[PDB]
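Pasting final-v7.txt here (compact mmCIF, N, CA, C and O atoms):
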# COMPACT_ATOMS: atom_id res chain seq x y z
N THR K 1 -51.94 11.63 140.61
CA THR K 1 -51.26 12.14 141.84
C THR K 1 -51.93 13.45 142.27
O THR K 1 -51.74 14.49 141.67
N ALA K 2 -52.72 13.41 143.32
CA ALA K 2 -53.40 14.65 143.79
C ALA K 2 -54.31 14.31 144.96
O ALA K 2 -54.59 13.16 145.23
N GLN K 3 -54.79 15.30 145.67
CA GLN K 3 -55.69 15.04 146.82
C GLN K 3 -56.81 14.09 146.39
O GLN K 3 -56.87 13.67 145.25
N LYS K 4 -57.69 13.75 147.29
CA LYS K 4 -58.81 12.83 146.92
C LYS K 4 -59.99 13.06 147.87
O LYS K 4 -60.47 12.14 148.50
N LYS K 5 -60.46 14.27 147.97
CA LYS K 5 -61.61 14.55 148.87
C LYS K 5 -62.92 14.28 148.12
O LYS K 5 -63.07 14.67 146.98
N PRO K 6 -63.84 13.62 148.79
CA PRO K 6 -65.15 13.28 148.21
C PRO K 6 -66.08 14.49 148.23
O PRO K 6 -66.16 15.20 149.22
N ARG K 7 -66.79 14.73 147.16
CA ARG K 7 -67.72 15.90 147.10
C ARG K 7 -67.10 17.10 147.82
O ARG K 7 -67.27 17.29 149.01
N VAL K 8 -66.38 17.92 147.10
CA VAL K 8 -65.75 19.11 147.74
C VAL K 8 -66.85 20.10 148.17
O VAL K 8 -67.67 20.51 147.37
N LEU K 9 -66.87 20.47 149.41
CA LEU K 9 -67.91 21.43 149.89
C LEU K 9 -67.39 22.86 149.76
O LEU K 9 -68.01 23.71 149.15
N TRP K 10 -66.24 23.13 150.32
CA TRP K 10 -65.68 24.51 150.23
C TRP K 10 -64.18 24.46 150.52
O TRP K 10 -63.74 24.77 151.61
N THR K 11 -63.38 24.08 149.56
CA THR K 11 -61.91 24.01 149.78
C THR K 11 -61.22 25.06 148.92
O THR K 11 -61.84 25.75 148.13
N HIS K 12 -59.93 25.20 149.07
CA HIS K 12 -59.19 26.22 148.26
C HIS K 12 -59.43 25.95 146.77
O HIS K 12 -59.26 26.82 145.94
N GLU K 13 -59.82 24.75 146.43
CA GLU K 13 -60.07 24.43 144.99
C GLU K 13 -61.45 24.94 144.59
O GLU K 13 -61.59 25.76 143.70
N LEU K 14 -62.48 24.47 145.23
CA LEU K 14 -63.86 24.93 144.89
C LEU K 14 -63.95 26.45 145.06
O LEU K 14 -64.82 27.10 144.51
N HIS K 15 -63.05 27.03 145.81
CA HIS K 15 -63.09 28.50 146.02
C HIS K 15 -62.45 29.21 144.82
O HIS K 15 -62.81 30.32 144.48
N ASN K 16 -61.51 28.58 144.17
CA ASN K 16 -60.85 29.22 143.00
C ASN K 16 -61.82 29.23 141.81
O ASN K 16 -61.81 30.13 141.00
N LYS K 17 -62.65 28.23 141.70
CA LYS K 17 -63.61 28.18 140.56
C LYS K 17 -64.73 29.20 140.80
O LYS K 17 -65.14 29.91 139.90
N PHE K 18 -65.22 29.29 142.01
CA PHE K 18 -66.31 30.26 142.30
C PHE K 18 -65.78 31.69 142.18
O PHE K 18 -66.53 32.62 141.98
N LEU K 19 -64.49 31.87 142.31
CA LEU K 19 -63.93 33.25 142.20
C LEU K 19 -63.77 33.63 140.73
O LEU K 19 -64.12 34.72 140.32
N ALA K 20 -63.25 32.75 139.93
CA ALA K 20 -63.07 33.07 138.49
C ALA K 20 -64.43 33.02 137.79
O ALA K 20 -64.61 33.59 136.73
N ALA K 21 -65.39 32.36 138.37
CA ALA K 21 -66.73 32.28 137.73
C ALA K 21 -67.48 33.58 138.02
O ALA K 21 -68.17 34.11 137.17
N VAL K 22 -67.35 34.11 139.20
CA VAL K 22 -68.04 35.38 139.52
C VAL K 22 -67.36 36.51 138.76
O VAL K 22 -68.00 37.33 138.13
N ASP K 23 -66.06 36.54 138.81
CA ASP K 23 -65.30 37.60 138.09
C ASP K 23 -65.60 37.50 136.60
O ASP K 23 -65.81 38.48 135.92
N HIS K 24 -65.61 36.30 136.08
CA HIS K 24 -65.89 36.12 134.63
C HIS K 24 -67.27 36.70 134.30
O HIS K 24 -67.55 37.04 133.17
N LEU K 25 -68.13 36.81 135.28
CA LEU K 25 -69.49 37.37 135.02
C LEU K 25 -69.64 38.72 135.71
O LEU K 25 -70.67 39.36 135.62
N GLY K 26 -68.64 39.16 136.42
CA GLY K 26 -68.75 40.47 137.12
C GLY K 26 -69.52 40.26 138.42
O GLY K 26 -70.72 40.05 138.42
N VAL K 27 -68.85 40.31 139.54
CA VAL K 27 -69.54 40.11 140.84
C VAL K 27 -70.74 41.05 140.94
O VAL K 27 -71.65 40.84 141.73
N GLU K 28 -70.76 42.09 140.16
CA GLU K 28 -71.89 43.05 140.22
C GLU K 28 -73.16 42.41 139.65
O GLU K 28 -74.24 42.55 140.19
N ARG K 29 -73.05 41.72 138.55
CA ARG K 29 -74.26 41.08 137.94
C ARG K 29 -74.10 39.55 137.94
O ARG K 29 -74.83 38.85 137.27
N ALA K 30 -73.16 39.04 138.68
CA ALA K 30 -72.96 37.56 138.71
C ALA K 30 -74.00 36.91 139.63
O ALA K 30 -74.05 37.20 140.81
N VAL K 31 -74.81 36.04 139.11
CA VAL K 31 -75.83 35.36 139.97
C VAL K 31 -75.33 33.97 140.33
O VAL K 31 -74.50 33.41 139.65
N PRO K 32 -75.85 33.44 141.41
CA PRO K 32 -75.47 32.10 141.90
C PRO K 32 -76.15 31.02 141.06
O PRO K 32 -75.69 29.91 140.97
N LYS K 33 -77.25 31.36 140.44
CA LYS K 33 -77.97 30.36 139.61
C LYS K 33 -77.12 30.04 138.38
O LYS K 33 -76.84 28.89 138.08
N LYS K 34 -76.71 31.04 137.65
CA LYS K 34 -75.88 30.79 136.44
C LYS K 34 -74.52 30.26 136.87
O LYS K 34 -73.99 29.33 136.28
N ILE K 35 -73.94 30.81 137.91
CA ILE K 35 -72.62 30.31 138.35
C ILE K 35 -72.79 28.87 138.84
O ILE K 35 -71.86 28.09 138.82
N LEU K 36 -73.97 28.50 139.25
CA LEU K 36 -74.18 27.10 139.70
C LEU K 36 -73.71 26.18 138.59
O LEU K 36 -73.15 25.13 138.83
N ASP K 37 -73.91 26.57 137.36
CA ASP K 37 -73.44 25.72 136.22
C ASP K 37 -71.92 25.80 136.15
O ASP K 37 -71.25 24.85 135.80
N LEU K 38 -71.37 26.94 136.48
CA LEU K 38 -69.89 27.09 136.45
C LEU K 38 -69.25 26.03 137.35
O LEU K 38 -68.22 25.47 137.04
N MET K 39 -69.87 25.76 138.47
CA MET K 39 -69.30 24.74 139.40
C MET K 39 -69.53 23.34 138.82
O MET K 39 -68.61 22.55 138.71
N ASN K 40 -70.74 23.03 138.44
CA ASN K 40 -71.02 21.68 137.87
C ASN K 40 -70.58 20.61 138.87
O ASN K 40 -70.25 19.50 138.50
N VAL K 41 -70.56 20.93 140.13
CA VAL K 41 -70.14 19.94 141.16
C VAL K 41 -71.37 19.22 141.71
O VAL K 41 -72.46 19.76 141.70
N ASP K 42 -71.21 18.02 142.20
CA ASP K 42 -72.37 17.28 142.75
C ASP K 42 -72.65 17.77 144.18
O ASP K 42 -71.75 18.14 144.90
N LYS K 43 -73.89 17.79 144.58
CA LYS K 43 -74.23 18.26 145.95
C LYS K 43 -74.18 19.79 146.00
O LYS K 43 -74.46 20.40 147.01
N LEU K 44 -73.82 20.42 144.91
CA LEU K 44 -73.75 21.90 144.90
C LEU K 44 -74.99 22.47 144.19
O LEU K 44 -75.22 22.20 143.03
N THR K 45 -75.78 23.24 144.88
CA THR K 45 -76.99 23.82 144.25
C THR K 45 -76.85 25.34 144.15
O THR K 45 -75.85 25.91 144.55
N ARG K 46 -77.83 26.01 143.61
CA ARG K 46 -77.74 27.49 143.48
C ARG K 46 -78.01 28.14 144.85
O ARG K 46 -77.55 29.22 145.14
N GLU K 47 -78.76 27.47 145.69
CA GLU K 47 -79.06 28.05 147.03
C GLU K 47 -77.80 27.98 147.90
O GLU K 47 -77.65 28.72 148.85
N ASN K 48 -76.90 27.09 147.59
CA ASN K 48 -75.66 26.97 148.40
C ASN K 48 -74.71 28.12 148.05
O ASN K 48 -74.02 28.65 148.89
N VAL K 49 -74.67 28.50 146.80
CA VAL K 49 -73.77 29.62 146.40
C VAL K 49 -74.46 30.95 146.68
O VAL K 49 -73.82 31.96 146.88
N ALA K 50 -75.76 30.96 146.69
CA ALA K 50 -76.50 32.22 146.96
C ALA K 50 -76.45 32.52 148.46
O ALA K 50 -76.65 33.64 148.89
N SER K 51 -76.20 31.53 149.27
CA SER K 51 -76.14 31.75 150.74
C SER K 51 -74.80 32.40 151.10
O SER K 51 -74.74 33.35 151.84
N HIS K 52 -73.72 31.88 150.57
CA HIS K 52 -72.39 32.47 150.88
C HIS K 52 -72.33 33.90 150.35
O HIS K 52 -71.66 34.75 150.89
N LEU K 53 -73.04 34.18 149.29
CA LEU K 53 -73.03 35.56 148.72
C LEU K 53 -73.80 36.49 149.65
O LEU K 53 -73.34 37.56 150.00
N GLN K 54 -74.98 36.10 150.06
CA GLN K 54 -75.78 36.96 150.97
C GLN K 54 -75.10 37.03 152.34
O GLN K 54 -75.35 37.92 153.13
N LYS K 55 -74.24 36.09 152.63
CA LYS K 55 -73.54 36.10 153.95
C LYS K 55 -72.38 37.10 153.90
O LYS K 55 -72.00 37.66 154.91
N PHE K 56 -71.83 37.33 152.74
CA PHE K 56 -70.70 38.29 152.63
C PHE K 56 -71.23 39.71 152.84
O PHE K 56 -70.66 40.49 153.58
N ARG K 57 -72.31 40.06 152.19
CA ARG K 57 -72.86 41.43 152.37
C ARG K 57 -73.10 41.65 153.86
O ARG K 57 -72.82 42.71 154.40
N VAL K 58 -73.59 40.65 154.55
CA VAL K 58 -73.82 40.80 156.01
C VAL K 58 -72.46 40.99 156.69
O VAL K 58 -72.32 41.77 157.60
N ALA K 59 -71.46 40.29 156.22
CA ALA K 59 -70.11 40.43 156.81
C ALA K 59 -69.51 41.76 156.34
O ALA K 59 -68.50 42.22 156.85
N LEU K 60 -70.12 42.38 155.37
CA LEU K 60 -69.60 43.68 154.86
C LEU K 60 -70.25 44.83 155.62
O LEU K 60 -69.69 45.90 155.75
N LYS K 61 -71.43 44.63 156.13
CA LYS K 61 -72.12 45.71 156.89
C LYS K 61 -71.28 46.09 158.11
O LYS K 61 -70.55 47.06 158.10
N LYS K 62 -71.38 45.33 159.17
CA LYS K 62 -70.60 45.65 160.39
C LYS K 62 -69.22 44.99 160.30
O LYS K 62 -69.07 43.80 160.49
N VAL K 63 -68.20 45.76 160.01
CA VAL K 63 -66.83 45.18 159.91
C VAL K 63 -65.87 45.99 160.78
O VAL K 63 -65.50 47.10 160.44
N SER K 64 -65.46 45.45 161.89
CA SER K 64 -64.52 46.20 162.78
C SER K 64 -63.21 45.41 162.92
O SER K 64 -62.16 46.02 162.84

Could the structure of this file be written out as structure tokens, please?
Amino acid sequence: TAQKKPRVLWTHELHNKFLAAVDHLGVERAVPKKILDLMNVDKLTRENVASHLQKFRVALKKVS
């Protein structure tokens, strides 16, 4: 009994694992390559998690 989405791309679920995986490694030294194993999801590569990370810093620069 539970949802049934094929290959989760970015849902509240895949977001909870990427959050506890970065925190578990310290967002300061947490890399997307090692966390890529934390996800262990199909269709998920290290360049996909490294893009959302570099996109946040950009969203952190100009914030009004």

Residue with smallest distance to residue 51 in chain K - pool K:23, K:18, K:13, K:32, counting only C-alpha atoms: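 Checking each of K:23, K:18, K:13, K:32 against residue 51 in chain K, counting only C-alpha atoms, the winner is K:32.
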
Using DSSP on the backbone coordinates, identify the residues of range 6-59 of chain K assigned to helix (DSSP H, G or I); present them as a ChimeraX atom specification. /K:12-25,32-39,46-59

Provide the atom N of residue 57 in chain K to CA of residue 6 in chain K distance in Å, to one decimal place.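 Separating atom N of residue 57 in chain K from CA of residue 6 in chain K is a distance of 28.0 Å.
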
Length of the CA of residue 39 in chain K to CA of residue 3 in chain K vector [Å]: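 Rounded to one decimal, the two atoms are 18.3 Å apart.
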
Neighbours of residue 47 in chain K within 8 Å (all atoms listed in the file; same-chain residues fewer than 6 positions away dropped), as an NGL selection string? :K and (32-33 or 36 or 53-54)
